[PDB]
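In the entry's author numbering, the protein residues as written are 293 to 512, 528 to 626, 987 to 1068, 1080 to 1093, 1111 to 1116, 1122 to 1195, 1206 to 1210, 1217 to 1273, 1276 to 1318, 1325 to 1336.
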């Protein structure tokens, strides 16, 4: 009772009392009239630590929105974002949709509390009911959670951004502790009592919802399958009224000396200990399971090791500068150098006929063993952007329709000594797209050749290195050419495999608008990609001229997109180290090409040592 009184004082100091309960309800009341004008059919379901009243007094307001099946979740939050920004009652509106749960962050003007406006998060909403139901039935639970959470805040363990445990995980720890007690105060919703139960198929069972102080679970629209119900409270009429202080102290003991937090899983659904082997999870760090969410893993939130030992430690104790202005003559020098980069590296007719001869030889040789084959070159060779000593990409195809193919090539003596250099349809299609984009204007080919030489001199463009491929840069340069304020060329898609020049001026209204020199565009590309364009909130894509944020495709982690290959991401294997090197190279290019110098071209501007 001595310690049991101490926690109650903690509850008074940092608990959420009634006056805060209604004050937060008026938050929902004011939200109601904001979303009503544009989304009359939508409704709000209050959730989080507010209804469960397990959080602190100054806890954030967690509010969820429910919409019919016709509307899509991204469409609702986009509309909700507009409804909150144009409201004078709210400030500091932010759109952090790239988190695990897309929510809209805003601060109440009167109270100053942070409101987390989630959408379509039924898992969290139903979780609050379970937490809320237990709190009322178990008056000793609320003091335990508030005191338990308060101690973590002192140690800096409750911060999600820092890597600390999210606040909702702390509620599960307190609930599970009471269940594990040999004199349980709470019942288990899942157990061996159920007919045909077994730990092997524990994942099939799921708690649908709670109604009338009774949990409902289903095993695998109403269907005729095994179903049952379990009460939320053990029906004991003469259990000792032990002080709440003992539970708080015993909680520290169980998780510090008795319960193994490194090789066991916490689950409030069953009494038997669940090991990491059953769920096939690491034993490196703590693992916790949410009742309604049977796939919830706390390892995702807690990846760092020192923090994991820190959790066990604290519990034991309680027991781009501006650049100079450009000059006309230096702009002319930039134009000259770009044109020179086009004219030196462009394959000649003898090289194209040599490629055609190579294609014919390969076609015949493969026809010897695989008659009816049809080969077609692709890549830099025929995309309208030539390049010497470049890889020759070819697409195998058989009319009328890797290990075996390789064995055949070993037979031919020449494999290419002379030159020294399956069903890839999308590659051919984007090759034609790139050729069409190149034929529109000589500046496009000039800047693309300049980009190719720039990436070749900076030791980037290699797939094995993990950096972006040359095709990605070819798309990116077109993205810059299309994104600048004066359009130079349009997106050809707006004007197969589940994926969708003379007369262009007639249809395109802004044809010929840009009159800037080629060197000016080359420097503008660097400026745009180093100072203006943000890679963390936009996606490089030439499918349409409108913006494309990363949240829609959920590519939360440079991002470039294929014109026809939407779901495929070229920067999937892009490691942050390579991104740092890429941006360093681009900054160096801006430095060299943005500082005019009088008196002295290829050997100087594109110097590998200086640029790296």
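Ideal Cβ positions, reconstructed from N, Cα and C, are used throughout, including at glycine.
Spanning the alpha carbons of residue 450 and residue 1061 requires a straight line of approximately 55 angstroms. Less than 8 angstroms separates the beta-carbon of residue 615 from that of residue 592. Boundaries around residue 1268 are those of the alpha helix (DSSP H), 1266-1269, since no beta strand (DSSP E) includes it.
As the crow flies, the alpha-carbon of residue 509 is around 21 angstroms from that of residue 339. Going by DSSP, residue 1033 is part of the alpha helix (DSSP H) stretching over 1016-1036. By the CB criterion at 8 angstroms, residue 464 and residue 573 fall inside the cutoff.
The C-alpha of residue 1036 is placed about 50 angstroms away from the C-alpha of residue 1234.
For residue 345, there is no enclosing alpha helix (DSSP H), as DSSP gives it neither H nor E. Taking a C-beta distance under 8 angstroms as the contact criterion, residue 372 and residue 327 qualify as a contact pair. The region 1134-1147 makes contact with the region 1223-1239: 3 or more CB pairs, one atom from each, lie closer than 8 angstroms. Here the alpha carbons of residue 1285 and residue 389 stand approximately 19 angstroms from one another. Ranked by Cα distance from residue 317, the first of 342, 294 and 334 is 342.
The Cβ atoms of residue 1309 and residue 1244 lie no closer than 8 angstroms to each other. Under the DSSP assignment, residue 510 falls in the beta strand (DSSP E) whose first and last residues are 506-510. The DSSP-derived three-state label of residue 367 is helix. Annotated as proximal: residue 319 and residue 407, with beta-carbon spacing under 8 angstroms.
Taking one beta carbon from each stretch, the region 1261-1268 and the region 1236-1250 have fewer than 3 pairs nearer than 8 angstroms; the two do not touch. With respect to the C-alpha of residue 553, the residue from 1122, 1210, 299 and 1329 having the closest C-alpha is 299. Residue 501 holds the alpha-carbon nearest to the alpha-carbon of residue 537 among 569, 501 and 557. Nearest neighbour of residue 505 by Cα position, chosen from 489, 495 and 479, turns out to be 479. The DSSP-derived three-state label of residue 1330 is coil. Contact between residue 303 and residue 438 holds, with the beta-carbon distance rounding to 5 angstroms and staying under 8 angstroms.
In the DSSP annotation of this structure, the continuous segment of the alpha helix (DSSP H) that includes residue 1300 starts and ends at 1294-1312. DSSP places residue 499 within a strand segment (E or B) once states are collapsed to three.
Using a C-beta cut-off of 8 angstroms, the region 555-564 makes contact with the region 469-476, since at least three inter-stretch Cβ pairs fall below that distance. Cβ-Cβ distances below 8 angstroms link residue 1058 to 1046, 1047 and 1116 in the same chain, with the five nearest sequence neighbours on each side left out; the list follows chain order.
Every unbroken stretch of the alpha helix (DSSP H) spanning 4 or more residues and falling wholly within the region 299-361 is given here in chain order: 310-327 and 341-344. It is roughly 41 angstroms from the alpha-carbon of residue 379 to the alpha-carbon of residue 1304.
Three or more Cβ pairs closer than 8 angstroms define a contact, and the region 1158-1177 falls short of that threshold against the region 1005-1021. Pairing residue 1173 with residue 1008 gives a Cβ-Cβ distance that is not under 8 angstroms. In this structure, residue 358 and residue 335 form a Cβ contact; the two beta carbons are roughly 5 angstroms apart against a cut-off of 8 angstroms. For residue 573, the beta-bridge partners assigned by DSSP are 595. For residue 1138, no beta strand (DSSP E) segment is defined; the enclosing uninterrupted segment is the alpha helix (DSSP H) at 1125-1139.
CA-to-CA, the gap between residue 566 and residue 618 works out to about 14 angstroms.
One alpha carbon belongs to residue 309, the other to residue 1292, and they sit about 49 angstroms apart. Take residue 1313, set aside five residues on each side of it, and the residues of its chain with a beta-carbon closer than 7 angstroms to its own are 990 and 991, in chain order.
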